[PDB]
Each structure stands twice: as C-alpha cells, then as structure tokens.
Amino acid sequence: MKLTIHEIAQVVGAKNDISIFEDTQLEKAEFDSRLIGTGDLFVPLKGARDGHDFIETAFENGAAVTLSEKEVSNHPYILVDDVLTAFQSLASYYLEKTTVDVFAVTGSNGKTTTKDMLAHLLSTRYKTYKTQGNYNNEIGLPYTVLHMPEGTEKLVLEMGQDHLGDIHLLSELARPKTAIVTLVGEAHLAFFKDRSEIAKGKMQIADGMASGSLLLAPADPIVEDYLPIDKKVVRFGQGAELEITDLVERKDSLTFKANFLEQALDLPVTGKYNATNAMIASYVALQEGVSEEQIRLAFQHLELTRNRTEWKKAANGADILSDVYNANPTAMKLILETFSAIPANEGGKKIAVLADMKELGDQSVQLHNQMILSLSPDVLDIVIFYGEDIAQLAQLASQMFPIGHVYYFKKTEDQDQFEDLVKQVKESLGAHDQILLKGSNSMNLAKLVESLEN
Ligand SMILES: N#Cc1c(NC(=O)c2cc(S(=O)(=O)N3CCOCC3)c(Cl)cc2Cl)sc2c1CCCC2
C-alpha cells in the first residue's frame, strides 16, 4: 500500500491523536488476523466474532497499527466510531489519492463473470486489478481497493447487493468512471421483494458516477424507471444499440458476432449470457483503447471462474445451494443468515449440511460452536453435520433443536462415514426441498454434491 499511520488517522478522523505513535508507512490492510504480516494495518470487524478480540494476535503477527473502537494501550492504534465506516472512508480516499480508473460491474453469473472478462481485456494494455473471488460487498470492495498493486491503471470492481441500498453505498464509495449492469430477476430472492426492486438496487450503481459517464444497462424494460438522468446510457440485448447478431455453441466452445464488432469472437465456454457478458465487456474495453484484435486474442485464453456460489439442482428437482469458497466462520454465519431468510419452496422443507472448516487455527472448534447462534430450529428443519471439529456444534444443535432434527457423521483419519452421510442426505432430501451445503472443500464434500446432481 501507499499510506502512513498518521495519514490514515487524519483521513479517518482519529478520536485519539497519533502524534504519540511513530507514524510509519504501512504494508497492507487485513481484517483476518490470520493474514496479517509485518507492518500491516489491522482492521477489526464484526464477524462470527468481533475482530477486536484478535487485535493482540494481530500485532503478534506483525501489525504496525490497528483501527479500533476502543483504547488499545501499548500499541499504535487509530480510534474511530466504527471500524467498517473508517475502512470505507479510507478506501474512498485511497481512490482519490490514486486517481485509478474504476469500472463497476454488478451481477456475477457463473462460468465467466463480466467482471473477470472485462478485467481480462483491460489487462492487455493496462496494469489492471480486480475483485478477487466474491469480495463484492461493503467489506470486500473496500478491501479490494486497498490491496490494489502499486501502479494499477484499471480497477474493475464487482458490486453485489443483499438489501436495497447496498449498491448505492458502494457506488458512492468507489465513484466509477464506467459501470455495467447485467441483471436478471431472482426467484426466491431472499431479503429482496421482487424483480423491480432488484433492478432498482442494481441501477444505483450509477448514483456515485459523474455526469456523462458510460453506463451499460440491459434492454429489459424492468430498469426503465430507474435509469439515471445525466449519464451516457447504452442498452444491450436484442433490438438495442448493442446486440448479438449471430451465435453458435459447441460442446465446450462458443462463437458469436456483435453488431458493433466487425469480426466474430470465440470463447472457451457455452452460454447466451456469457456471450452477452463478453460483448458488453468488449464495448467497455474498446472505449478504453483496446483493439478488437487485442480483444479477440484475449478471449482465446479466457479463464473459467470456479463455479461461483449460486443455486443449482440435483436430479430430483431440488434447490442445491453449495457455497464453494470462503471457508471461514463469518462466511458461514452469513451464508446461514441468508439461506435461512429465503422462505421454503412448495412443500416447504429446509435442510443445511455443514462440514468442517479447515485451517481456522487452534480456535477451530470454538469457532464452529459459534455457528450455534446462527442456527434456528424454527427456520431450519434438518441440520446435518459432517466432520471432526464440528462435532461439538452438532451436539449443541441436538440440544437446541427438536428430537430427530439433527444428524452427525464422523470424518477423521481413523473413520469416515461419508457412506452414511450421502445415504442420509439422499433420504432426507425431498424433491421440493432446499439443501444448503457449506464447509471447506474436500474430495468427499465434492462427491456428495455429485451424488445429488447425478
Ligand atoms: N470471526 C471471524 C473470523 C474470520 N472472519 C472473516 O474472515 C470475515 C469474512 C467475511 S466474508 O468471507 O463473508 N466476505 C469477505 C469479503 O467480502 C465477501 C465475503 C466478512 Cl464479510 C468479514 C470477516 Cl471478519 S476469519 C477467522 C476468523 C476467526 C479466527 C480464525 C480465522
């Protein structure tokens, strides 16, 4: 990073002083103590557990200073009213100091997100950084900003939303030079009411943009009432300014033609939507000085993006929600608070399969028990646990939940009831159920998700 502790303190409105501390140039920002290095800035957030607990473990790992809502003593600390707010203001300031061009994209997808594609095309001419994984919310975006390599010219930021107004905040924080909305109306769409509202929240991606900035929005009418007034708006889709005039899909390949492009394009993936993503990403890449040739070559060696947590279905008509990455307690807690917000389907049955999260440290077991506060008997009908460190949590669940609503399957270097787990899961899994699957990845967890799909 390119910041110093007094700088940060000044930018954040430190309630303490800082003059008392060294005022040393910092290395990088981390909210995961387990990630801190020598000279890093520690940012304690409210997660599975409060981050403030880990402050000490932070300096032990190298922290040179720490944000904090309370006096730290005998340690360099910047005192603020709220650490997340402080973290966001700081990311915002870093954007102003850097003057990097920001490209906001909203709407993940699956195989190859617009975010990765666009970042990929920009990489052909510029030093470009992007949102890693799914770090696209009020914690992830700020984080992505601060981890931007020195000299970045193009920053592609993906922005997700759980509640209306989430994107408005992100737009205001990042101030995108250009923005893209891919949209689609969610089904059981938890926390959100209906398509129009999802579209309303996504169109907020424009709120923090300067007048005349380019914004790509789909042809779908669902966004009409939310269009910005003083922006350069380009519509994509059949009939719109930008459109796919021809498409061909192989078994694992794709070839399509975009009206504004004179040549065709090839992608190592299959999907009408991937084509559109590629197209809209191309348009923005073009506006930034990238040639159709450079673009054409780049799509030659794209790069698939490991599934991307979303719904799917097991040969049964089930609603499988397998959260792939982010194997940490906060992520689990969050995936739980969401999965348990989505009301049940037809019949109305809710199931969650939780497994061990490796590498949590000597605090692993305690961290798994913490999930108990995120498990409600009323909303979840069956919770199945698979592992070792998660056993104490299963025991807690068996006491808190009704008789018979919990299951536990062993998994150690001695024994592994993977056999019985699949058997049990398959048995409980009804054709109109929603099964949540979360836990560090493993050969078995993968086989299990497959026994459902097959
Ligand atoms: N409590 C807690 C812990 C962690 N929490 C997170 O790493 C964390 C994760 C997320 S996230 O994974 O859900 N989020 C990220 C960036 O944005 C997208 C997803 C968000 Cl929000 C906040 C946070 Cl504090 S890691 C870890 C512990 C306990 C001790 C052992 C290691």
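Throughout, numbering of the chain's residues begins at 1 and tracks the sequence. One-based numbering, in listed order, for ligands and for the atoms of each. Hydrogens, waters and symmetry mates are skipped; everything else that's a heavy atom, side chains included, is used.
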Does a donor on one side chain and an acceptor on the other come within less than 3.5 Å for [X] and [Y]?
| X | Y | result |
| --- | --- | --- |
| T270 | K111 | yes |
| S123 | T128 | yes |
| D416 | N444 | yes |

List every atom of ligand 1 that sits less than 4.0 Å from any heavy atom of [X], numbering the atoms from 1 in the order shown and giving each element.
| X | value |
| --- | --- |
| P329 | 2 (C), 3 (C), 27 (C), 28 (C) |
| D32 | 25 (S), 26 (C), 31 (C) |
| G140 | 16 (C), 17 (O) |
| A48 | 1 (N) |
| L334 | 13 (O), 21 (Cl) |
| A331 | 12 (O), 13 (O) |
| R34 | 25 (S), 26 (C), 31 (C) |

Residue portion contacting ligand 1 (non-hydrogen atoms closer than 4.0 Å) for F54 |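 Just the side chain.
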Considering only protein heavy atoms, which is closest to [atom], and at what distance to one decimal place?
| atom | result |
| --- | --- |
| atom 18 (C) of ligand 1 | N134 O, 3.3 Å |
| atom 17 (O) of ligand 1 | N137 OD1, 3.2 Å |
| atom 12 (O) of ligand 1 | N326 ND2, 2.8 Å |
| atom 2 (C) of ligand 1 | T330 OG1, 3.5 Å |
| atom 28 (C) of ligand 1 | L367 CD1, 3.7 Å |
| atom 30 (C) of ligand 1 | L360 O, 3.3 Å |
| atom 9 (C) of ligand 1 | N328 OD1, 3.2 Å |

Validation row: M1, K28 side chains within 4.5 angstrom (heavy atoms) = yes
Heavy-atom distance under 4.5 Å between the side chains of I55 and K70, does that happen here?
-> no
Would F31 count as a contact of ligand 1 if the rule is a heavy atom under 4.0 Å away?
->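 The answer is yes, since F31 has a heavy atom less than 4.0 Å from ligand 1.
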Is it true that the NZ or CZ of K2 lies under 6.0 Å from the centre of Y94's six-membered ring and within 45 degrees of the ring axis?
-> no
Looking at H163 versus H168, is the centre-to-centre ring distance below 6.0 Å?
->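 No.
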Does the distance from a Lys or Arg side-chain N to an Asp or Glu carboxylate O, for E359 and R34, drop under 4.0 Å?
-> no
State the CG-CD1 distance between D23 and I18, to the nearest 0.5 angstrom.
-> 8.5 Å
Nearest 0.5 Å, what's the CG-CD1 distance between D194 and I222?
->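 Here the rounded value is 7.5 Å.
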